[PDB]
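Quick heads-up: it's one chain on its own, the form deposited in one PDB entry, in C-alpha cells.
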C-alpha cells in the first residue's frame, strides 16, 4: 500500500492549500523580496506602528502599545484557529470523529500547530503581519514591556531552529495534521481511533519525506522531536498566559481563547 499514502498525503496537502491564507512558499518569497514590486512596511518602533495602523498596513478599547500588540497577536491566533478548524474538517478521517472529539483535538492542538506554522513567516529579524503587507521587527517586540516581550521571544528561538530543517508546504501539511490528530489529548473519547489516524499520518509523513527530501538524513526523527518540543513550548506559553490573566487585569482575552485556556 504505497499508492494510498500518496493519495492520503495528497488530500491533506489540498486541505492545506485550500484553507490557509498564507503558505510558506508565499511567505518566503515576500521575506526574500521576490514576491512582488511592493515590499512589506517595516514596523520597528511606535511611530511606524502608528503609521501602519493608520493605513499603510491596517479591537477592544485601547490601553497601551504593548497591550495593543498583544491584541493584534490574539487576532492572528483566533483567525489561525479558524483556518486550522477548516483544515482539520477537510480531512475525512478527522470529520468522521464525533464532534466533541473534534473540539478536544483542536482545543489542545491548535497552539502547537500555530507555533509550528509561525516559523513560516519568521526570520531571525522579525515576522510578517497583515497578509505580508507589514513586517514587525524582533527587536521591537523584545522592547515591549514584560510580560508581553517574554511571551514572544521563545517563539522566535523555536522558529529559527525549525526553519533550519527547510520544510516546504507539503511537508508542513502532514506535520500539522499529525499535531492535531494526537491521541494524548486529555478527555479524548475515541482514543484508539485517533491514535490509528495519527499513526497513518506519521507513516505518510515518513514516506513523504523520503520522496521529497531524499538526501535529508534523520529528518523524520528530528520532526518527532520537534513535536515534543512544541508541547513544551505550548506548556510554557500557557503558563505565561496564566500570569497575564493574573497580573494584567486590564488586558482582555478573546472568548474563544478563554475557552482553550479554561483549565
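Positions refer to the first chain, counted from 1. Note that the rigid core is defined as the largest set of C-alphas that superpose within 1.5 Å between two forms.
There is also a form deposited in another entry; it is not shown, and the following applies to it.
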* Structure fact -> Of 227, 42, 35, 46, Cα shift of 2 Å or more between this form and the one not shown on rigid-core superposition seen only for 35
* Cα of residue 238 displaced 2 Å or more between this form and the one not shown, core superposed? -> no
* After fitting the rigid core, is the C-alpha of residue 211 off by 2 Å or more between this form and the one not shown? -> no
* Compare the CA separation of residue 38 and residue 172 in the other form with the one in the displayed structure, and answer closer or farther (the difference is at least 3 Å). => closer
* Distance direction in the other form for the C-alpha atoms of residue 23 and residue 35, relative to the displayed form (3 angstroms or more) -> farther
